[PDB]
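K.L.:
Below are the structure tokens for one structure; questions will follow.
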Amino acid sequence: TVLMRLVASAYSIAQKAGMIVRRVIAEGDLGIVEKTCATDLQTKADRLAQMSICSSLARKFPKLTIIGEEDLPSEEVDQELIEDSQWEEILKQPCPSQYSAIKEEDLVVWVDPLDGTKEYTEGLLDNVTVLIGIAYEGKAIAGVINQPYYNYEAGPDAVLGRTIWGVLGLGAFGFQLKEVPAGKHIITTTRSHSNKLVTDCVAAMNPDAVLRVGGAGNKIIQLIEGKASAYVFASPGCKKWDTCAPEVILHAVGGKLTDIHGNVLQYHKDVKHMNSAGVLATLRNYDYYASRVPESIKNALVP
Ligand SMILES: Nc1ncnc2c1ncn2[C@@H]1O[C@H](COP(=O)(O)O)[C@@H](O)[C@H]1O
Ligand SMILES: [Mg+2]
Ligand SMILES: [Mg+2]
Ligand SMILES: [Mg+2]
């Protein structure tokens, strides 16, 4: 099927993006550009990874809609950046029948070529993900997440980097699902984009621990691996490419991702990019957290 060949291609493409991300650091010049402010950055890895991802997808799927974070002038793309492979192991998995007839022109791909760029520049390398989300009829249905510096500090016997993928109806793959210890409320949130509304919303959850880490992809991986019980970000700032692939993986293991009002996010081609009402995500016990978002904070954000 189109969908599963897409997913298999996105897996190999994400890995190539992860290689580019690691090569940029290995070579030592990040080419940092400030966009709106000093915490809103774009590096040579953001730009090269996006060129790689988008070019490689468009070559294979010429009528697909592809939407990437970075606003890059249209240039020659370096042909070494093209990834032609697709991981045959994913094509061994049966496409769910509900998706088996989808045409490429009806799919929307939401790409964050490097998520956690501020942290990447600061050396918090394992916060970084590459996000490729696939949506149909406004719903996020499949996703690939590369974590190019997974195991960066695990020592010399460990595999560096990993790729996680999922398709709703088949589940999600590439990690060990774990829950936080019972009765413990561990809230994860932004490290670099905090404000009073964000920290007040965190405080309202009566946290046992608050983690401050970069990346939307990274924080969803914290939920699925039992490092945090809730991701709580009561602020605009993140966009559909930050949430599309991560929500697929979270949904695939029974979790929930919504705005702070409890609305599901939408992923149609023409949807506004901003997640203007923030993000609330959990693996389990969603209602504990949702029921504690203060009304003042809800009223401070809209769609
Ligand atoms: N105020 C902001 N400005 C720019 N990007 C943001 C902002 N808030 C969140 N993001 C993005 O949303 C994702 C998750 O945010 P964080 O938890 O701060 O890493 C990352 O891409 C951030 O760069
Ligand atoms: Mg950004
Ligand atoms: Mg990014
Ligand atoms: Mg991002």
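Numbering starts fresh at 1 for the residues of each chain in the structure tokens, the chains themselves are lettered A, B, ... in the order given, and ligands are numbered from 1 as they appear.
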Mind listing the residues within 7 Å of ligand 4, only C-alpha atoms and all ligand atoms counted, as a PDB file with N, CA and C atoms, in the first residue's frame?
P.N.:
```pdb
ATOM      1  N   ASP A 112       9.117  18.186  11.291  1.00  0.00           N
ATOM      2  CA  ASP A 112       9.995  18.925  12.105  1.00  0.00           C
ATOM      3  C   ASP A 112      11.341  18.314  11.935  1.00  0.00           C
ATOM      4  N   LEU A 114      14.234  19.030  12.884  1.00  0.00           N
ATOM      5  CA  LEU A 114      15.068  18.954  14.099  1.00  0.00           C
ATOM      6  C   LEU A 114      14.231  19.642  15.164  1.00  0.00           C
ATOM      7  N   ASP A 115      13.779  18.868  16.129  1.00  0.00           N
ATOM      8  CA  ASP A 115      12.994  19.338  17.260  1.00  0.00           C
ATOM      9  C   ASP A 115      13.853  19.341  18.469  1.00  0.00           C
ATOM     10  N   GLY A 116      13.909  20.504  19.140  1.00  0.00           N
ATOM     11  CA  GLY A 116      14.808  20.746  20.243  1.00  0.00           C
ATOM     12  C   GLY A 116      16.091  21.437  19.827  1.00  0.00           C
ATOM     13  N   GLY A 215      12.195  19.880  23.636  1.00  0.00           N
ATOM     14  CA  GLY A 215      11.608  19.063  22.587  1.00  0.00           C
ATOM     15  C   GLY A 215      10.251  18.481  22.897  1.00  0.00           C
ATOM     16  N   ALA A 216       9.319  18.671  21.961  1.00  0.00           N
ATOM     17  CA  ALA A 216       8.012  17.996  21.998  1.00  0.00           C
ATOM     18  C   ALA A 216       8.149  16.466  21.778  1.00  0.00           C
ATOM     19  N   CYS A 238       4.210  25.825  20.242  1.00  0.00           N
ATOM     20  CA  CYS A 238       4.446  24.667  19.485  1.00  0.00           C
ATOM     21  C   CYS A 238       3.436  24.583  18.343  1.00  0.00           C
ATOM     22  N   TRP A 241       3.671  20.377  13.382  1.00  0.00           N
ATOM     23  CA  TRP A 241       4.802  19.455  13.185  1.00  0.00           C
ATOM     24  C   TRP A 241       5.468  18.940  14.495  1.00  0.00           C
ATOM     25  N   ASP A 242       5.283  19.665  15.605  1.00  0.00           N
ATOM     26  CA  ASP A 242       5.786  19.255  16.925  1.00  0.00           C
ATOM     27  C   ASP A 242       4.931  18.158  17.505  1.00  0.00           C
TER      28      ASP A 242
END
```
K.L.:
Could you list, as a PyMOL selection string, all the residues within 10 Å of ligand 3, counting only C-alpha atoms and all ligand atoms?
P.N.:
chain A and resi 40-43+45-47+49-50+68-70+111-118+128-131+215-216+238-239+241-242
K.L.:
Could you write out that same residue set with N, CA and C atoms as a PDB file, in the first residue's frame?
P.N.:
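Result file part10.pdb:
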```pdb
ATOM      1  N   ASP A  40      14.701  30.992  19.663  1.00  0.00           N
ATOM      2  CA  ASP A  40      13.986  30.524  18.451  1.00  0.00           C
ATOM      3  C   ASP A  40      15.076  30.426  17.367  1.00  0.00           C
ATOM      4  N   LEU A  41      15.735  29.259  17.284  1.00  0.00           N
ATOM      5  CA  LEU A  41      16.934  29.119  16.464  1.00  0.00           C
ATOM      6  C   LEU A  41      16.782  28.170  15.273  1.00  0.00           C
ATOM      7  N   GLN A  42      17.687  28.335  14.290  1.00  0.00           N
ATOM      8  CA  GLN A  42      17.740  27.477  13.126  1.00  0.00           C
ATOM      9  C   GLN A  42      19.207  27.219  12.850  1.00  0.00           C
ATOM     10  N   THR A  43      19.606  25.954  12.766  1.00  0.00           N
ATOM     11  CA  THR A  43      21.013  25.666  12.544  1.00  0.00           C
ATOM     12  C   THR A  43      21.161  25.043  11.165  1.00  0.00           C
ATOM     13  N   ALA A  45      21.978  22.076  10.665  1.00  0.00           N
ATOM     14  CA  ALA A  45      21.287  20.774  10.733  1.00  0.00           C
ATOM     15  C   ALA A  45      19.787  20.887  10.447  1.00  0.00           C
ATOM     16  N   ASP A  46      19.111  21.911  10.969  1.00  0.00           N
ATOM     17  CA  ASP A  46      17.692  22.141  10.651  1.00  0.00           C
ATOM     18  C   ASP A  46      17.510  22.277   9.172  1.00  0.00           C
ATOM     19  N   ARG A  47      18.367  23.087   8.567  1.00  0.00           N
ATOM     20  CA  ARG A  47      18.189  23.382   7.133  1.00  0.00           C
ATOM     21  C   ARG A  47      18.499  22.179   6.248  1.00  0.00           C
ATOM     22  N   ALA A  49      18.692  18.936   7.176  1.00  0.00           N
ATOM     23  CA  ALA A  49      17.735  17.820   7.446  1.00  0.00           C
ATOM     24  C   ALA A  49      16.418  18.073   6.723  1.00  0.00           C
ATOM     25  N   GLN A  50      15.912  19.302   6.753  1.00  0.00           N
ATOM     26  CA  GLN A  50      14.652  19.585   6.084  1.00  0.00           C
ATOM     27  C   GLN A  50      14.785  19.422   4.590  1.00  0.00           C
ATOM     28  N   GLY A  68       6.867  21.565   6.225  1.00  0.00           N
ATOM     29  CA  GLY A  68       8.029  21.588   7.149  1.00  0.00           C
ATOM     30  C   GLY A  68       8.200  22.880   7.919  1.00  0.00           C
ATOM     31  N   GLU A  69       8.753  22.779   9.113  1.00  0.00           N
ATOM     32  CA  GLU A  69       8.867  23.949   9.973  1.00  0.00           C
ATOM     33  C   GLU A  69       9.570  25.162   9.372  1.00  0.00           C
ATOM     34  N   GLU A  70      10.711  24.913   8.753  1.00  0.00           N
ATOM     35  CA  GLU A  70      11.613  25.964   8.334  1.00  0.00           C
ATOM     36  C   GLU A  70      11.141  26.572   7.007  1.00  0.00           C
ATOM     37  N   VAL A 111       6.467  17.882   9.005  1.00  0.00           N
ATOM     38  CA  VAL A 111       7.861  17.594   9.274  1.00  0.00           C
ATOM     39  C   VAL A 111       8.534  18.653  10.179  1.00  0.00           C
ATOM     40  N   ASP A 112       9.117  18.186  11.291  1.00  0.00           N
ATOM     41  CA  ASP A 112       9.995  18.925  12.105  1.00  0.00           C
ATOM     42  C   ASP A 112      11.341  18.314  11.935  1.00  0.00           C
ATOM     43  N   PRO A 113      12.193  18.991  11.166  1.00  0.00           N
ATOM     44  CA  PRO A 113      13.436  18.357  10.728  1.00  0.00           C
ATOM     45  C   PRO A 113      14.410  18.211  11.848  1.00  0.00           C
ATOM     46  N   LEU A 114      14.234  19.030  12.884  1.00  0.00           N
ATOM     47  CA  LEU A 114      15.068  18.954  14.099  1.00  0.00           C
ATOM     48  C   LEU A 114      14.231  19.642  15.164  1.00  0.00           C
ATOM     49  N   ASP A 115      13.779  18.868  16.129  1.00  0.00           N
ATOM     50  CA  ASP A 115      12.994  19.338  17.260  1.00  0.00           C
ATOM     51  C   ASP A 115      13.853  19.341  18.469  1.00  0.00           C
ATOM     52  N   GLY A 116      13.909  20.504  19.140  1.00  0.00           N
ATOM     53  CA  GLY A 116      14.808  20.746  20.243  1.00  0.00           C
ATOM     54  C   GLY A 116      16.091  21.437  19.827  1.00  0.00           C
ATOM     55  N   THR A 117      15.978  22.310  18.840  1.00  0.00           N
ATOM     56  CA  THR A 117      17.142  23.027  18.310  1.00  0.00           C
ATOM     57  C   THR A 117      17.918  23.874  19.369  1.00  0.00           C
ATOM     58  N   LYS A 118      17.193  24.521  20.266  1.00  0.00           N
ATOM     59  CA  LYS A 118      17.867  25.337  21.306  1.00  0.00           C
ATOM     60  C   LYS A 118      18.741  24.428  22.133  1.00  0.00           C
ATOM     61  N   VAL A 128      16.960  16.016  21.282  1.00  0.00           N
ATOM     62  CA  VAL A 128      16.656  16.207  19.874  1.00  0.00           C
ATOM     63  C   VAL A 128      15.914  15.044  19.257  1.00  0.00           C
ATOM     64  N   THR A 129      14.855  15.366  18.503  1.00  0.00           N
ATOM     65  CA  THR A 129      14.213  14.362  17.638  1.00  0.00           C
ATOM     66  C   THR A 129      14.057  14.925  16.206  1.00  0.00           C
ATOM     67  N   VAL A 130      13.789  14.037  15.264  1.00  0.00           N
ATOM     68  CA  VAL A 130      13.369  14.356  13.897  1.00  0.00           C
ATOM     69  C   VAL A 130      11.957  13.764  13.805  1.00  0.00           C
ATOM     70  N   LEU A 131      10.988  14.576  13.469  1.00  0.00           N
ATOM     71  CA  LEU A 131       9.577  14.216  13.470  1.00  0.00           C
ATOM     72  C   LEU A 131       8.976  14.219  12.063  1.00  0.00           C
ATOM     73  N   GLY A 215      12.195  19.880  23.636  1.00  0.00           N
ATOM     74  CA  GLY A 215      11.608  19.063  22.587  1.00  0.00           C
ATOM     75  C   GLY A 215      10.251  18.481  22.897  1.00  0.00           C
ATOM     76  N   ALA A 216       9.319  18.671  21.961  1.00  0.00           N
ATOM     77  CA  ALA A 216       8.012  17.996  21.998  1.00  0.00           C
ATOM     78  C   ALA A 216       8.149  16.466  21.778  1.00  0.00           C
ATOM     79  N   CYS A 238       4.210  25.825  20.242  1.00  0.00           N
ATOM     80  CA  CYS A 238       4.446  24.667  19.485  1.00  0.00           C
ATOM     81  C   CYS A 238       3.436  24.583  18.343  1.00  0.00           C
ATOM     82  N   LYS A 239       3.784  23.827  17.327  1.00  0.00           N
ATOM     83  CA  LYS A 239       3.073  23.818  16.075  1.00  0.00           C
ATOM     84  C   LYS A 239       2.672  22.432  15.668  1.00  0.00           C
ATOM     85  N   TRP A 241       3.671  20.377  13.382  1.00  0.00           N
ATOM     86  CA  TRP A 241       4.802  19.455  13.185  1.00  0.00           C
ATOM     87  C   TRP A 241       5.468  18.940  14.495  1.00  0.00           C
ATOM     88  N   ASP A 242       5.283  19.665  15.605  1.00  0.00           N
ATOM     89  CA  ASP A 242       5.786  19.255  16.925  1.00  0.00           C
ATOM     90  C   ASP A 242       4.931  18.158  17.505  1.00  0.00           C
TER      91      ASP A 242
END
```
K.L.:
Need the shell around residue 191 of chain A: protein/DNA/RNA residues with any atom at most 7 Å away, counting only C-alpha atoms. Skip same-chain ones fewer than 3 positions apart. Format as an NGL selection string?
P.N.:
:A and (194 or 212-214)
K.L.:
Could you name the residues that touch segment 82-90 of chain A at 10 Å or less, counting only C-alpha atoms, but leaving out those on the same chain fewer than 2 positions away, as an MDAnalysis selection string?
P.N.:
chainID A and resid 4:17 51:57 59:60 77:80 92:95 165:166
K.L.:
Compile the contact shell of residue 175 of chain A as number ranges by chain: residues with an atom at most 10 Å away, counting only C-alpha atoms, same-chain residues fewer than 6 positions apart removed.
P.N.:
A: 162-165, 221, 224-225
K.L.:
Selected residues, N, CA and C atoms, written as a compact mmCIF listing (two decimals), in the first residue's frame, please.
P.N.:
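To be explicit, this is the file written out as part-v8.txt:
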```
# COMPACT_ATOMS: atom_id res chain seq x y z
N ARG A 162 18.21 6.03 17.68
CA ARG A 162 17.14 5.05 17.46
C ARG A 162 16.02 5.70 16.66
N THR A 163 15.20 4.85 16.04
CA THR A 163 14.03 5.34 15.34
C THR A 163 12.81 4.57 15.79
N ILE A 164 11.75 5.30 16.11
CA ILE A 164 10.45 4.80 16.64
C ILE A 164 9.47 5.08 15.55
N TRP A 165 8.52 4.18 15.37
CA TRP A 165 7.48 4.40 14.36
C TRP A 165 6.16 3.81 14.80
N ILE A 221 8.25 10.89 24.25
CA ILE A 221 9.04 9.70 24.54
C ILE A 221 9.17 9.49 26.07
N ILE A 224 6.04 7.65 27.19
CA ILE A 224 5.89 6.26 26.76
C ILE A 224 6.91 5.35 27.45
N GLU A 225 7.98 5.93 27.98
CA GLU A 225 9.04 5.16 28.64
C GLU A 225 8.99 5.31 30.18
```
K.L.:
Calculated over only C-alpha atoms and all ligand atoms, which of the candidates A:91, A:280, A:58, A:159 has the smallest distance to ligand 1?
P.N.:
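Ranking A:91, A:280, A:58, A:159 by distance to ligand 1, first place goes to A:280.
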K.L.:
Hey, which of A:2, A:141, A:64, A:81 ends up closest to residue 105 of chain A? Count only C-alpha atoms.
P.N.:
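Closest to residue 105 of chain A of all the choices is A:64.
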K.L.:
Compile the contact shell of residue 199 of chain A as a ChimeraX atom specification: residues with an atom at most 12 Å away, counting only C-alpha atoms, same-chain residues fewer than 2 positions apart removed.
P.N.:
/A:187-191,193-197,201-207,210-212,232-235,293-294,297
K.L.:
Would you please extract all helix (DSSP H, G or I) residues from segment 109-241 of chain A, as assigned by DSSP on the backbone, and give them as a PyMOL selection string?
P.N.:
chain A and resi 117-122+125-127+196-203+216-224+240-241
K.L.:
Taking N, CA and C atoms for each residue, export the selection above as a PDB file, in the first residue's frame.
P.N.:
```pdb
ATOM      1  N   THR A 117      15.978  22.310  18.840  1.00  0.00           N
ATOM      2  CA  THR A 117      17.142  23.027  18.310  1.00  0.00           C
ATOM      3  C   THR A 117      17.918  23.874  19.369  1.00  0.00           C
ATOM      4  N   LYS A 118      17.193  24.521  20.266  1.00  0.00           N
ATOM      5  CA  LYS A 118      17.867  25.337  21.306  1.00  0.00           C
ATOM      6  C   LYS A 118      18.741  24.428  22.133  1.00  0.00           C
ATOM      7  N   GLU A 119      18.176  23.287  22.582  1.00  0.00           N
ATOM      8  CA  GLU A 119      18.930  22.334  23.339  1.00  0.00           C
ATOM      9  C   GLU A 119      20.086  21.704  22.589  1.00  0.00           C
ATOM     10  N   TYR A 120      19.914  21.500  21.285  1.00  0.00           N
ATOM     11  CA  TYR A 120      20.967  20.988  20.407  1.00  0.00           C
ATOM     12  C   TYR A 120      22.151  21.932  20.474  1.00  0.00           C
ATOM     13  N   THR A 121      21.879  23.223  20.344  1.00  0.00           N
ATOM     14  CA  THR A 121      22.964  24.231  20.441  1.00  0.00           C
ATOM     15  C   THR A 121      23.656  24.305  21.781  1.00  0.00           C
ATOM     16  N   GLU A 122      22.999  23.831  22.848  1.00  0.00           N
ATOM     17  CA  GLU A 122      23.493  23.953  24.205  1.00  0.00           C
ATOM     18  C   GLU A 122      24.123  22.624  24.623  1.00  0.00           C
ATOM     19  N   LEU A 125      22.069  16.938  23.841  1.00  0.00           N
ATOM     20  CA  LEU A 125      21.830  16.301  22.550  1.00  0.00           C
ATOM     21  C   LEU A 125      20.752  15.276  22.565  1.00  0.00           C
ATOM     22  N   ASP A 126      20.483  14.634  23.705  1.00  0.00           N
ATOM     23  CA  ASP A 126      19.494  13.601  23.637  1.00  0.00           C
ATOM     24  C   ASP A 126      18.056  14.132  23.638  1.00  0.00           C
ATOM     25  N   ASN A 127      17.888  15.437  23.810  1.00  0.00           N
ATOM     26  CA  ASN A 127      16.557  16.085  23.676  1.00  0.00           C
ATOM     27  C   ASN A 127      16.066  16.153  22.252  1.00  0.00           C
ATOM     28  N   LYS A 196       5.107  32.504  33.187  1.00  0.00           N
ATOM     29  CA  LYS A 196       4.255  32.367  34.393  1.00  0.00           C
ATOM     30  C   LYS A 196       3.064  31.447  34.142  1.00  0.00           C
ATOM     31  N   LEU A 197       2.405  31.532  32.993  1.00  0.00           N
ATOM     32  CA  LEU A 197       1.236  30.677  32.732  1.00  0.00           C
ATOM     33  C   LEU A 197       1.638  29.184  32.705  1.00  0.00           C
ATOM     34  N   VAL A 198       2.794  28.921  32.093  1.00  0.00           N
ATOM     35  CA  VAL A 198       3.321  27.557  31.969  1.00  0.00           C
ATOM     36  C   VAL A 198       3.598  26.982  33.389  1.00  0.00           C
ATOM     37  N   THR A 199       4.298  27.740  34.232  1.00  0.00           N
ATOM     38  CA  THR A 199       4.639  27.261  35.558  1.00  0.00           C
ATOM     39  C   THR A 199       3.450  27.241  36.515  1.00  0.00           C
ATOM     40  N   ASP A 200       2.515  28.155  36.360  1.00  0.00           N
ATOM     41  CA  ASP A 200       1.271  28.088  37.167  1.00  0.00           C
ATOM     42  C   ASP A 200       0.471  26.829  36.816  1.00  0.00           C
ATOM     43  N   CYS A 201       0.401  26.507  35.530  1.00  0.00           N
ATOM     44  CA  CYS A 201      -0.339  25.286  35.091  1.00  0.00           C
ATOM     45  C   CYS A 201       0.342  24.015  35.627  1.00  0.00           C
ATOM     46  N   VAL A 202       1.678  23.995  35.627  1.00  0.00           N
ATOM     47  CA  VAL A 202       2.430  22.905  36.213  1.00  0.00           C
ATOM     48  C   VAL A 202       2.120  22.785  37.696  1.00  0.00           C
ATOM     49  N   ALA A 203       2.180  23.897  38.402  1.00  0.00           N
ATOM     50  CA  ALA A 203       1.982  23.901  39.865  1.00  0.00           C
ATOM     51  C   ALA A 203       0.587  23.334  40.197  1.00  0.00           C
ATOM     52  N   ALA A 216       9.319  18.671  21.961  1.00  0.00           N
ATOM     53  CA  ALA A 216       8.012  17.996  21.998  1.00  0.00           C
ATOM     54  C   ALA A 216       8.149  16.466  21.778  1.00  0.00           C
ATOM     55  N   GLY A 217       8.932  16.041  20.793  1.00  0.00           N
ATOM     56  CA  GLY A 217       9.195  14.608  20.563  1.00  0.00           C
ATOM     57  C   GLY A 217       9.760  13.957  21.804  1.00  0.00           C
ATOM     58  N   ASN A 218      10.767  14.610  22.401  1.00  0.00           N
ATOM     59  CA  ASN A 218      11.462  14.079  23.605  1.00  0.00           C
ATOM     60  C   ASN A 218      10.449  13.899  24.737  1.00  0.00           C
ATOM     61  N   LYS A 219       9.562  14.877  24.942  1.00  0.00           N
ATOM     62  CA  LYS A 219       8.635  14.774  26.089  1.00  0.00           C
ATOM     63  C   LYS A 219       7.598  13.678  25.893  1.00  0.00           C
ATOM     64  N   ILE A 220       7.133  13.440  24.659  1.00  0.00           N
ATOM     65  CA  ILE A 220       6.276  12.292  24.406  1.00  0.00           C
ATOM     66  C   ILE A 220       7.001  10.984  24.628  1.00  0.00           C
ATOM     67  N   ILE A 221       8.254  10.888  24.249  1.00  0.00           N
ATOM     68  CA  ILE A 221       9.039   9.696  24.539  1.00  0.00           C
ATOM     69  C   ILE A 221       9.174   9.495  26.065  1.00  0.00           C
ATOM     70  N   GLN A 222       9.272  10.582  26.830  1.00  0.00           N
ATOM     71  CA  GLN A 222       9.274  10.457  28.311  1.00  0.00           C
ATOM     72  C   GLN A 222       8.013   9.859  28.821  1.00  0.00           C
ATOM     73  N   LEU A 223       6.880  10.127  28.187  1.00  0.00           N
ATOM     74  CA  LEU A 223       5.603   9.534  28.642  1.00  0.00           C
ATOM     75  C   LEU A 223       5.610   8.018  28.374  1.00  0.00           C
ATOM     76  N   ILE A 224       6.041   7.653  27.189  1.00  0.00           N
ATOM     77  CA  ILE A 224       5.893   6.259  26.758  1.00  0.00           C
ATOM     78  C   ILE A 224       6.906   5.352  27.449  1.00  0.00           C
ATOM     79  N   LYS A 240       1.928  22.330  14.555  1.00  0.00           N
ATOM     80  CA  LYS A 240       1.432  20.994  14.216  1.00  0.00           C
ATOM     81  C   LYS A 240       2.559  19.947  13.942  1.00  0.00           C
ATOM     82  N   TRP A 241       3.671  20.377  13.382  1.00  0.00           N
ATOM     83  CA  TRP A 241       4.802  19.455  13.185  1.00  0.00           C
ATOM     84  C   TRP A 241       5.468  18.940  14.495  1.00  0.00           C
TER      85      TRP A 241
END
```
K.L.:
Could you tell me which of A:260, A:102, A:154, A:124 comes closest to ligand 1 if we count only C-alpha atoms and all ligand atoms?
P.N.:
A:124
K.L.:
Which residue is closest to ligand 2? Choose from A:23, A:38, A:3, A:262 and count only C-alpha atoms and all ligand atoms.
P.N.:
A:38
K.L.:
Using only C-alpha atoms, pick whichever of A:65, A:276, A:282, A:258 has the shortest atom-to-atom distance to residue 109 of chain A.
P.N.:
A:65
K.L.:
Report the distance between atom CA of residue 32 of chain A and atom CA of residue 237 of chain A in Å, rounded to one decimal place.
P.N.:
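For atom CA of residue 32 of chain A relative to atom CA of residue 237 of chain A, the distance reads 19.7 Å.
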K.L.:
Taking the DSSP secondary structure from the backbone, can you list the residues of segment 108-219 of chain A that are strand (DSSP E), as an NGL selection string?
P.N.:
:A and (108-115 or 129-136 or 139-147 or 162-167 or 171-173 or 186-189 or 209-212)
K.L.:
Output the selection as a PDB file, in the first residue's frame - C-alpha atoms for each residue.
P.N.:
```pdb
ATOM      1  CA  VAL A 108      -0.382  15.475   4.559  1.00  0.00           C
ATOM      2  CA  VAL A 109       3.131  15.090   5.957  1.00  0.00           C
ATOM      3  CA  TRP A 110       4.083  17.359   8.888  1.00  0.00           C
ATOM      4  CA  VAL A 111       7.861  17.594   9.274  1.00  0.00           C
ATOM      5  CA  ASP A 112       9.995  18.925  12.105  1.00  0.00           C
ATOM      6  CA  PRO A 113      13.436  18.357  10.728  1.00  0.00           C
ATOM      7  CA  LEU A 114      15.068  18.954  14.099  1.00  0.00           C
ATOM      8  CA  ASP A 115      12.994  19.338  17.260  1.00  0.00           C
ATOM      9  CA  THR A 129      14.213  14.362  17.638  1.00  0.00           C
ATOM     10  CA  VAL A 130      13.369  14.356  13.897  1.00  0.00           C
ATOM     11  CA  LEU A 131       9.577  14.216  13.470  1.00  0.00           C
ATOM     12  CA  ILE A 132       7.736  13.004  10.355  1.00  0.00           C
ATOM     13  CA  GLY A 133       3.978  12.835  10.925  1.00  0.00           C
ATOM     14  CA  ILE A 134       1.405  11.568   8.385  1.00  0.00           C
ATOM     15  CA  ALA A 135      -2.216  12.742   8.475  1.00  0.00           C
ATOM     16  CA  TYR A 136      -5.387  11.760   6.585  1.00  0.00           C
ATOM     17  CA  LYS A 139      -6.251  12.964  11.765  1.00  0.00           C
ATOM     18  CA  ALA A 140      -2.657  11.968  12.549  1.00  0.00           C
ATOM     19  CA  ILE A 141      -2.458   8.299  11.440  1.00  0.00           C
ATOM     20  CA  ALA A 142       1.252   7.363  11.210  1.00  0.00           C
ATOM     21  CA  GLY A 143       4.525   8.679  12.448  1.00  0.00           C
ATOM     22  CA  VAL A 144       8.298   8.271  12.587  1.00  0.00           C
ATOM     23  CA  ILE A 145      10.518   9.764  15.280  1.00  0.00           C
ATOM     24  CA  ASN A 146      14.324   9.561  14.990  1.00  0.00           C
ATOM     25  CA  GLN A 147      16.222  10.297  18.215  1.00  0.00           C
ATOM     26  CA  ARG A 162      17.141   5.048  17.458  1.00  0.00           C
ATOM     27  CA  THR A 163      14.029   5.338  15.342  1.00  0.00           C
ATOM     28  CA  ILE A 164      10.446   4.805  16.641  1.00  0.00           C
ATOM     29  CA  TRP A 165       7.482   4.397  14.361  1.00  0.00           C
ATOM     30  CA  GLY A 166       3.797   3.729  14.493  1.00  0.00           C
ATOM     31  CA  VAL A 167       0.597   3.356  12.473  1.00  0.00           C
ATOM     32  CA  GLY A 171       0.663  -0.084  17.128  1.00  0.00           C
ATOM     33  CA  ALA A 172       4.029   1.477  17.757  1.00  0.00           C
ATOM     34  CA  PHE A 173       7.545   0.068  17.634  1.00  0.00           C
ATOM     35  CA  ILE A 186       5.936  13.688  37.337  1.00  0.00           C
ATOM     36  CA  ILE A 187       5.265  16.650  35.016  1.00  0.00           C
ATOM     37  CA  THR A 188       7.556  17.402  32.087  1.00  0.00           C
ATOM     38  CA  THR A 189       7.624  20.754  30.396  1.00  0.00           C
ATOM     39  CA  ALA A 209       8.733  16.163  40.257  1.00  0.00           C
ATOM     40  CA  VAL A 210       8.937  18.632  37.348  1.00  0.00           C
ATOM     41  CA  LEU A 211      11.339  17.895  34.505  1.00  0.00           C
ATOM     42  CA  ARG A 212      12.659  20.695  32.340  1.00  0.00           C
TER      43      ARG A 212
END
```
K.L.:
What is the distance between atom CA of residue 150 of chain A and atom CA of residue 168 of chain A, in Å to one decimal?
P.N.:
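Atom CA of residue 168 of chain A lies at a distance of 24.2 Å from atom CA of residue 150 of chain A.
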